[PDB]
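Working notes, structure below.
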Amino acid sequence: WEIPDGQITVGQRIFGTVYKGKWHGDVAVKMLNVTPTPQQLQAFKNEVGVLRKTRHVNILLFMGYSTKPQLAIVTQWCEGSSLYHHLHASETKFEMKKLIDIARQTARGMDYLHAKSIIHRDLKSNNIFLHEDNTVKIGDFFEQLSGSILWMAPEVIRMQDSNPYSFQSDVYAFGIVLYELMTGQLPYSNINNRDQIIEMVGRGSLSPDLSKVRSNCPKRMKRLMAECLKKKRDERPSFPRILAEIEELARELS
Amino acid sequence: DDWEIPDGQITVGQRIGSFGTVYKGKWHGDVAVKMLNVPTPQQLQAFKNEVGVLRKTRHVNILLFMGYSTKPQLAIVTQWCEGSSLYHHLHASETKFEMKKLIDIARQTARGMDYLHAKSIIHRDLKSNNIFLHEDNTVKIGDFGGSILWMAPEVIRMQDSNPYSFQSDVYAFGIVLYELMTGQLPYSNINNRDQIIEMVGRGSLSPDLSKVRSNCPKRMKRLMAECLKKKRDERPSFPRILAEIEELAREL
Ligand SMILES: CCCS(=O)(=O)Nc1ccc(F)c(-n2cc(-c3cncnc3)c3nc(N(C)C4CCN(C(C)=O)CC4)ccc32)c1F
């Protein structure tokens, strides 16, 4: 899928540098300013290999990768903004039907990812793009420092090996996104302190209150959302059941 | 080779077409499954090669191939799009489309065809019925999937022609432009299959450009006529067509 250098035309810039380019129509190319790094080259190869096996309407359409001018990924161009900008920044009055439709499409995309054992580690409402309208597209998804291995303390050695991301973190992020959709605001809106939220969520003391959900939201949706926010990882359900429940609730509520 | 959807995962539904029988199925959301009346290894290798041809297509304006199934029946599974075919919009429904929407549909089809030809892919059955309008303004294109020594010089010449090429595709694109601008199928007066076949084969008949809408620009009609050249070599290449269409869209 390597696109030659001369074929790709660069355009306006809108981590990593993103630019809206023109290549057989509108595309978006993300390149990193480097002149690169072999470690970054291996990471780019792994990211390209992960992105190549993805074909779904609700997943962003990867179109190619370029390596000659700068290590870069070229995908389709979609008109609109992120769900974070729609709900939080503009506070657009979204009908409950549009909310449950966005939820169903996000669930389709996540079920597709998990069916391929692909782990979207940074799933958030800011990485959920709304092409046109009511069309969801998802994107923006080992001690390398070999020399300083001996001098680091057991505090930092143990931290580098940790691998917390799994399907359960993804379903928790999906539940938080459902909270954003239904309430219309970021969770823990009162607590404007990062450290407090981090500590209270790490100790499981704080969870987003489902009481602030909009009155138009059905009860089954809130039940599924609360089920996805289980503190214990194993209690959280798998995404096929989530998609089935969302589709059933949408069919019931027309 | 690694895109086969296993059996039982795909749930079939109502038939929405009957090249191949089309059905709206459910597999990680709404999908569309096209099935073939055919299980033989010789045919299986050809199906695998066709799948490999379909795998090198990733474009917003090209229909999204999502997988192939061989266990219950040999079938191709792609995305599901809400809407109808451009043929249904213009001819069957006669939806009042603004000239901006028409030139945008033309630009999207041109992007898709230029991408296909850039991959050295020859869409042999290009027609306005294979252009689906997802939502109501997103174009999706699909339906594009020896005894030589013993043959006499009379019959050998027929094999050497190879009539399908990029020029046939740009001719079909010109016919699609005619449908877009006029709003009706070409040769509406004749309505005879054999007569039209003969007269177009001898180059005696061309779609009458007088029935074109008044709103259509002159550059668009010029490009359309350039794509309908009887001689294959006179027809322009799709990159130049895409550039001209983009410039005309920016101007208007
Ligand atoms: C992607 C690689 C290219 S491919 O060469 O491999 N070919 C291929 C492979 C697999 C496929 F499923 C379809 N295919 C999908 C829909 C589809 C339908 N509805 C929503 N989304 C998609 C569809 N519709 C079709 N017809 C009959 C039209 C005609 C008129 N209509 C009216 C009057 O209403 C509606 C529909 C025909 C084929 C269709 C393929 F073209």
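Here, A, B, ... name the chains of the structure tokens in the order displayed, residue numbers run from 1 inside each chain, and ligands are numbered from 1 in the same displayed order.
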6 Å from ligand 1 is the threshold here; counting only C-alpha atoms and all ligand atoms, which polymer residues fall inside it? Answer as a ChimeraX atom specification. /B:17,22,32-34,54,63-65,76-78,80-82,84-85,88,129,142-145
Taking only C-alpha atoms into account and nothing else, which residues of chain B lie no more than 6 Å away from chain A? Please answer as a VMD selection string. chain B and resid 28 to 29 58 66 111 115
Residues of the last selection are to be written out with N, CA and C atoms, as a PDB file, in the first residue's frame.
```
ATOM      1  N   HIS B  28     -21.442  -7.078  12.165  1.00  0.00           N
ATOM      2  CA  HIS B  28     -20.866  -5.894  12.802  1.00  0.00           C
ATOM      3  C   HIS B  28     -21.523  -4.625  12.268  1.00  0.00           C
ATOM      4  N   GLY B  29     -22.842  -4.673  12.136  1.00  0.00           N
ATOM      5  CA  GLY B  29     -23.612  -3.611  11.520  1.00  0.00           C
ATOM      6  C   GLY B  29     -24.150  -4.034  10.164  1.00  0.00           C
ATOM      7  N   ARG B  58      -9.253   1.378  -1.842  1.00  0.00           N
ATOM      8  CA  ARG B  58      -9.593   2.104  -0.619  1.00  0.00           C
ATOM      9  C   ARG B  58      -9.845   3.557  -1.009  1.00  0.00           C
ATOM     10  N   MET B  66     -15.589  -5.332   2.120  1.00  0.00           N
ATOM     11  CA  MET B  66     -15.315  -5.685   3.506  1.00  0.00           C
ATOM     12  C   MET B  66     -14.904  -7.133   3.708  1.00  0.00           C
ATOM     13  N   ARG B 111     -13.245  11.197  -9.357  1.00  0.00           N
ATOM     14  CA  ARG B 111     -12.244  10.811  -8.368  1.00  0.00           C
ATOM     15  C   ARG B 111     -12.150   9.295  -8.256  1.00  0.00           C
ATOM     16  N   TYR B 115      -8.956   6.993  -9.385  1.00  0.00           N
ATOM     17  CA  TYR B 115      -8.284   6.108  -8.438  1.00  0.00           C
ATOM     18  C   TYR B 115      -8.251   4.675  -8.956  1.00  0.00           C
TER      19      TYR B 115
END
```
Which polymer residues have any atom within 9 Å of an atom of residue B:216, counting only C-alpha atoms, with same-chain residues fewer than 3 positions away left out, as a PyMOL selection string? chain B and resi 99+103+181-182+212-213+219-221
If you measure from atom CA of residue A:161 to atom CA of residue A:234, what distance in Å do you get, rounded to one decimal?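 We find that atom CA of residue A:161 and atom CA of residue A:234 lie 21.9 Å from each other.
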Which residues are close to stretch 203-212 of chain A, i.e. within 9 Å by only C-alpha atoms, leaving aside same-chain residues fewer than 2 positions away? Reply as a PyMOL selection string. chain A and resi 176+179+182-183+187-188+197-201+214-215+222+225-226+229+231
Write a file of the selected residues as a PDB file, in the first residue's frame, keeping C-alpha atoms.
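Printed below is again28.pdb as written:
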```
ATOM      1  CA  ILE A 176     -17.640   7.209  29.407  1.00  0.00           C
ATOM      2  CA  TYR A 179     -22.111   9.193  29.453  1.00  0.00           C
ATOM      3  CA  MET A 182     -26.507  11.109  27.147  1.00  0.00           C
ATOM      4  CA  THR A 183     -25.660  13.816  29.693  1.00  0.00           C
ATOM      5  CA  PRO A 187     -17.747  13.419  33.386  1.00  0.00           C
ATOM      6  CA  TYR A 188     -16.714  14.931  36.718  1.00  0.00           C
ATOM      7  CA  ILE A 197      -9.876  12.703  39.494  1.00  0.00           C
ATOM      8  CA  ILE A 198      -6.854  10.490  38.799  1.00  0.00           C
ATOM      9  CA  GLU A 199      -6.539   9.474  42.457  1.00  0.00           C
ATOM     10  CA  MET A 200     -10.266   8.893  42.991  1.00  0.00           C
ATOM     11  CA  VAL A 201     -10.622   6.796  39.827  1.00  0.00           C
ATOM     12  CA  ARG A 214     -31.001  13.467  30.127  1.00  0.00           C
ATOM     13  CA  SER A 215     -34.639  12.595  30.797  1.00  0.00           C
ATOM     14  CA  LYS A 222     -28.503   3.697  31.268  1.00  0.00           C
ATOM     15  CA  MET A 225     -23.912   2.122  30.377  1.00  0.00           C
ATOM     16  CA  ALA A 226     -23.650   1.344  34.093  1.00  0.00           C
ATOM     17  CA  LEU A 229     -18.513   0.995  33.910  1.00  0.00           C
ATOM     18  CA  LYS A 231     -14.643  -1.269  38.292  1.00  0.00           C
TER      19      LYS A 231
END
```
Just the strand (DSSP E or B) stuff from stretch 27-199 of chain A, please, per backbone DSSP, written as number ranges by chain. A: 27-31, 59, 62-66, 72-76, 80-82, 128-131, 135-138
So that I have them on file, write out the residues from the current selection with C-alpha atoms, as an mmCIF file, in the first residue's frame.
```cif
data_model
loop_
_atom_site.group_PDB
_atom_site.id
_atom_site.type_symbol
_atom_site.label_atom_id
_atom_site.label_comp_id
_atom_site.auth_asym_id
_atom_site.auth_seq_id
_atom_site.Cartn_x
_atom_site.Cartn_y
_atom_site.Cartn_z
ATOM 1 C CA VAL A 27 -7.423 13.135 1.746
ATOM 2 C CA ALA A 28 -5.775 13.777 5.115
ATOM 3 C CA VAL A 29 -2.074 13.014 5.626
ATOM 4 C CA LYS A 30 -0.409 12.892 9.045
ATOM 5 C CA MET A 31 3.389 13.221 8.968
ATOM 6 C CA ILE A 59 -13.783 3.030 11.061
ATOM 7 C CA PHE A 62 -6.805 4.142 5.737
ATOM 8 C CA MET A 63 -5.644 4.756 2.167
ATOM 9 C CA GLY A 64 -1.856 4.410 2.248
ATOM 10 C CA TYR A 65 1.497 5.228 3.788
ATOM 11 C CA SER A 66 4.385 7.357 2.513
ATOM 12 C CA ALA A 72 3.324 9.580 7.113
ATOM 13 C CA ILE A 73 -0.129 7.984 6.918
ATOM 14 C CA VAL A 74 -2.700 9.101 4.321
ATOM 15 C CA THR A 75 -6.409 8.431 4.954
ATOM 16 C CA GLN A 76 -9.696 9.801 3.638
ATOM 17 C CA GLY A 80 -17.319 17.775 10.109
ATOM 18 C CA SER A 81 -15.818 17.852 13.593
ATOM 19 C CA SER A 82 -15.202 15.548 16.544
ATOM 20 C CA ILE A 128 -14.741 10.170 17.244
ATOM 21 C CA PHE A 129 -15.269 12.134 14.033
ATOM 22 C CA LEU A 130 -18.785 12.798 12.734
ATOM 23 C CA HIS A 131 -18.528 12.772 8.948
ATOM 24 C CA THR A 135 -21.823 8.962 10.496
ATOM 25 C CA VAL A 136 -19.152 7.881 12.993
ATOM 26 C CA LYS A 137 -15.503 7.362 12.027
ATOM 27 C CA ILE A 138 -12.837 6.419 14.582
#
```
Have a look at atom CA of residue A:4 and atom CA of residue A:69 and let me know their distance in Å, one decimal.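 Here the two named atoms are 10.1 Å from each other.
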Need the shell around residue A:158: protein/DNA/RNA residues with any atom at most 12 Å away, counting only C-alpha atoms. Skip same-chain ones fewer than 6 positions apart. Format as an NGL selection string? :A and (142-143 or 149 or 152)
Can you write out the residues you just picked, keeping C-alpha atoms, as an mmCIF file, in the first residue's frame?
```cif
data_model
loop_
_atom_site.group_PDB
_atom_site.id
_atom_site.type_symbol
_atom_site.label_atom_id
_atom_site.label_comp_id
_atom_site.auth_asym_id
_atom_site.auth_seq_id
_atom_site.Cartn_x
_atom_site.Cartn_y
_atom_site.Cartn_z
ATOM 1 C CA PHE A 142 9.158 -2.132 26.255
ATOM 2 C CA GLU A 143 12.092 -0.038 27.492
ATOM 3 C CA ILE A 149 18.608 0.424 31.973
ATOM 4 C CA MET A 152 16.880 3.476 36.846
#
```
In Å, how far is it from atom CA of residue B:23 to atom CA of residue B:67?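 That distance, rounded to one decimal, is 14.6 Å.
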Any idea what's packed within 8 Å of residue B:112, counting only C-alpha atoms, ignoring anything in its chain fewer than 3 positions away? Could you give it as a PyMOL selection string? (chain A and resi 24) or (chain B and resi 59+61-62+108-109+115-116+141)
Give me a file of those residues, with C-alpha atoms, as a PDB file, in the first residue's frame.
```pdb
ATOM      1  CA  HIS A  24      -7.442  11.395  -6.170  1.00  0.00           C
TER       2      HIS A  24
ATOM      3  CA  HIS B  59     -11.471   5.294  -1.465  1.00  0.00           C
ATOM      4  CA  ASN B  61     -16.014   7.446  -3.417  1.00  0.00           C
ATOM      5  CA  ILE B  62     -15.494   3.721  -4.149  1.00  0.00           C
ATOM      6  CA  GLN B 108     -16.873  12.206  -7.027  1.00  0.00           C
ATOM      7  CA  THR B 109     -17.357   9.648  -9.808  1.00  0.00           C
ATOM      8  CA  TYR B 115      -8.284   6.108  -8.438  1.00  0.00           C
ATOM      9  CA  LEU B 116      -9.409   2.848 -10.068  1.00  0.00           C
ATOM     10  CA  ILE B 141     -19.070   2.618  -7.240  1.00  0.00           C
TER      11      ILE B 141
END
```
